[PDB]
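See below for the structure under consideration.
Protein chains: 2
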Amino acid sequence: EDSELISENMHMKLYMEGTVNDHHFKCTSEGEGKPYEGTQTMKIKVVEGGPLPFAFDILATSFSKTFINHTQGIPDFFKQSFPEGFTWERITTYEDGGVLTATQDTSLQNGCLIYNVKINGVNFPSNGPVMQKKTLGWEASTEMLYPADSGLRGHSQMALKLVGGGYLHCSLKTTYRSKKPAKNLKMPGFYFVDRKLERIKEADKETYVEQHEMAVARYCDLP
Amino acid sequence: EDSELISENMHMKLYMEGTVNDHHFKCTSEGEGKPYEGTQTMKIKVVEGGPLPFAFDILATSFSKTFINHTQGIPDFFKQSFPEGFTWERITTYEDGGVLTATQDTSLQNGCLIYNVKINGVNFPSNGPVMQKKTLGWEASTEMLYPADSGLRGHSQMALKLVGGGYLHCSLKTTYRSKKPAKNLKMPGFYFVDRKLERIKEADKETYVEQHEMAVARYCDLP
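The listed protein sequences derive, respectively, from chains A and B.
Throughout the first sequence, residue numbering follows the deposited numbering, covering 0 to 62, 66 to 225 in sequence.
Throughout the second sequence, residue numbering follows the deposited numbering, covering 0 to 62, 66 to 225 in sequence.
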């Protein structure tokens, strides 16, 4: 039931705008991935408001759900949604008071996936590791997903590596909404997505960033 | 040491844009108030995305800190900030899972206060009173304000009255940031702002709302 419109190799283009604390910025990105293998790479440019006065890491999860390897016959909410596409909306709450919300539209245009993202980041502590750029990327994580009243609810927790060897914890809560009529969708049951979000390259005081994700959907895997 | 640029009667103009869940909208408003008496009225129009599929009440606090009567000699962070102006950034968390963040710029242009607001609301329950438009306005509230590492931190709790006679609780956490050099500012200590938010009139499924606020700053009122 995955859309035939999602091929083995797919390109993406993204536009992102928002504010973190009081700081306005815009990014664009281009990427390529293998939707059925759950892998993708994005090459990202900060085009307004750079270099950013906050850790780029807080933007990482806002740059792609079509590129999850849905194993074990798990119905794929995201690949099913095409050609109509889907949205997502999310809050990430950091233990030390910062919050980042994002709202995103995913469409498919002329064979290319198009992402449009709006970011609102608020109350990050002025002397904390995000605003002081003391962060070193994300540990691997697992999202749990299950049907919401409409759409799909996701929850995860993530750990941000800090200089000096410690961690900053956060929680993520998401709702994914399909633009495909509900009667044309086979909804999954409860399941997990295991993912690794890895930094490949950064240049020019983090105004150019390459990042990669691997994401695989499964049920529980312990006897 | 308030700015002489803030007179006894001031006008405001506002532009607001955002998304709640997946729903894009834009609002504009025109207003007037008495900054030193802590009273103001705004005439608000939904200009894109109307009628909104959520309760207007969730936008009420995003439509004005210059209009607080700062009593008891409390240094007035907002009135001192002109001509440069100030920004605010906020998360409101609802007990039933919705979150609304907002970021705001306050400027003074040709004697008129100009507000620019961006809204990101996420995860409002589909059958909850906000998305079902079963709300009846806000009870009176009190914000506590005190210096942050830079800026002014605010916290509040608010109760949204519901059709049927119950309440939906939320919490608000804000940072106000002055665009005036910190050496030219006298910071307050800890204080409270008591407020009431009311409507004068509304029409056409809340696509027109006239909102009024009275806000007075004080210290504890108990002997």
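No residue lacks a Cβ here, since even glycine has one placed at the ideal position from N, Cα and C.
Item	Value
Of the residues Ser158/A, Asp78/A, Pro131/A, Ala219/A, which one's Cα is nearest the Cα of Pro190/A?	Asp78/A
Considering only DSSP beta bridges, list what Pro190/B is partnered with.	DSSP lists no partner for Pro190/B.
If you check the beta carbons only, do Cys172/A and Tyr96/A fall under 8 Å apart?	yes
Show which residues of chain A have a CB atom less than 7 Å away from the CB atom of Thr103/B.	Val101, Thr103, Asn122, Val124
Closer than 9 Å, Cβ to Cβ, to anything on chain B: give me those residues from the region 149-163 of chain A, in chain order.	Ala150, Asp151, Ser152, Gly153, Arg155
Can you find a C-beta in chain B that's less than 8 Å from the C-beta of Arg197/A?	no
Can you have a look at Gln74/A and say buried or exposed, based on whether 16 or more other CB atoms are within 10 angstroms of its CB?	exposed
For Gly156/A, does the count of other Cβ atoms within 10 angstroms reach 16, so buried, or fall short, so exposed?	buried
Quick check on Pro127/A - is its C-beta less than 8 Å from some C-beta in chain B?	yes
Quick one, which of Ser61/A, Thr177/A, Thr105/A has its alpha-carbon nearest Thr18/B's?	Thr105/A
According to DSSP, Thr95/A sits in a beta bridge with which residue or residues?	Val101/A, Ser173/A
So, helix, strand or coil for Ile5/B, using DSSP?	coil
Starting from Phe80/B, follow the alpha helix (DSSP H) in both directions and report where the run begins and ends.	79-82
From the DSSP secondary-structure annotation, give me the bridge partner or partners of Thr68/A.	None; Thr68/A has no bridge partner.
Pick from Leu4/A, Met41/A, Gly113/A, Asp56/A: whose alpha carbon is nearest that of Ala161/A?	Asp56/A
Are the CB atoms of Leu174/A and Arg92/A within a distance shorter than 8 Å?	yes
Between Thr209/A and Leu115/B, what straight-line distance do the alpha-carbon atoms span, to the nearest angstrom?	34 Å
Sorted by chain position, which residues of the same chain lie with C-beta nearer than 6 Å to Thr94/B's C-beta, five sequence neighbours on each side aside?	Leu102, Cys172, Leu174
Using a Cβ-Cβ cut-off of less than 7 Å, give me the residues of the region 9-26 of chain B that come near chain A, in sequence order.	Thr18, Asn20, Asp21
Would you identify the three-state DSSP class for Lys185/A, choosing helix, strand or coil?	helix
For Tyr178/A, tell me which candidate among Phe53/A, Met15/A, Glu212/A, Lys67/A has the shortest Cα-Cα distance.	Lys67/A
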